[PDB]
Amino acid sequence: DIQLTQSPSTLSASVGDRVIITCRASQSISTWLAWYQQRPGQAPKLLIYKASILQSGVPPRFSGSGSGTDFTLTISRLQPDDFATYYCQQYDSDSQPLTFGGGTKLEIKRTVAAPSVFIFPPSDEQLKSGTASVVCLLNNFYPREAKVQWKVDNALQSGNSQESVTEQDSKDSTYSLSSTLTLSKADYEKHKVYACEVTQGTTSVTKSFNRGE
């Protein structure tokens, strides 16, 4: 079998910059390599075939090269519609399996944006079921990298929280993150102060609320 490794897994760039994407193979495949692009919730388009020749209809800004084990996909000029995920595939024989790459998610670069932080106490409806859920919302921030921590009565909590992050917005290009802290109702009524701390670089913002208020 032959495994394809794409480097890097993800990178960021603005509009109109040259970007390289490398796809390395285990065994030498000669020139049987193809390139794909996949927009969210969409079927992949074929972009490059045989590692060098362009498909009919795709703009000339795309360019591919390589032979043997080293292959490259190049965008001479980035454009808003080319910001999606890319995959490399090898043909290499009519009798042995065919494989895809890990993918290369191409995202935009924008200005640093601070998140609007909100904290959400568990609803009285959920408390009657016996479980409390405290939610933390991080709205419209950039870069995606952030440190979210949970404090209960000024005690650092660990292992009882799950994080979800939205895909990058198509309008203002920012990210949104949710942090859900789950604990038993008996534990929720045992403590008073619940806080959510977000650390981005040299700044850390903490939103909190008092139980029963």
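Residue numbers here begin at 1 and follow the sequence given.
Visitor: Using only the Cα atoms and their B-factors as the entry lists them, report which of 191-199 and 13-21 averages higher.
Guide: Per the PDB record, 13-21.
Visitor: Decide which of the stretches 176-184 and 33-41 has the higher mean C-alpha B-factor, going by the entry.
Guide: Result of the comparison: 33-41.
Visitor: Between 165, 152, 53, 146, which one tops the list for Cα B-factor in this entry?
Guide: Across 165, 152, 53, 146, the entry lists the biggest C-alpha B-factor for 53.
Visitor: Whose C-alpha has the highest temperature factor in the PDB entry: 115, 121, 101, 130?
Guide: In this record, 101 carries the highest C-alpha B-factor of the candidates.
Visitor: Please place residue 63 in the lowest, middle or highest third of its chain by C-alpha B factor as given in the entry.
Guide: Middle third by C-alpha B-factor.
Visitor: Mind checking which third residue 27 falls in for C-alpha B-factor across the chain?
Guide: It belongs to the highest third of the chain when residues are ordered by C-alpha B-factor.
Visitor: Divide the modelled residues of the chain into thirds by Cα B-factor and specify which third, lowest, middle or highest, holds residue 6.
Guide: According to the entry, residue 6 has a C-alpha B-factor in the chain's middle third.
Visitor: Relative to the other modelled residues in the chain, which third contains the C-alpha temperature factor of residue 91: lowest, middle or highest?
Guide: According to the entry, residue 91 has a C-alpha B-factor in the chain's highest third.
Visitor: Tell me, lowest, middle or highest third: where does the Cα B factor of residue 69 rank within its chain?
Guide: Answer is highest: the recorded C-alpha B-factor places it there.
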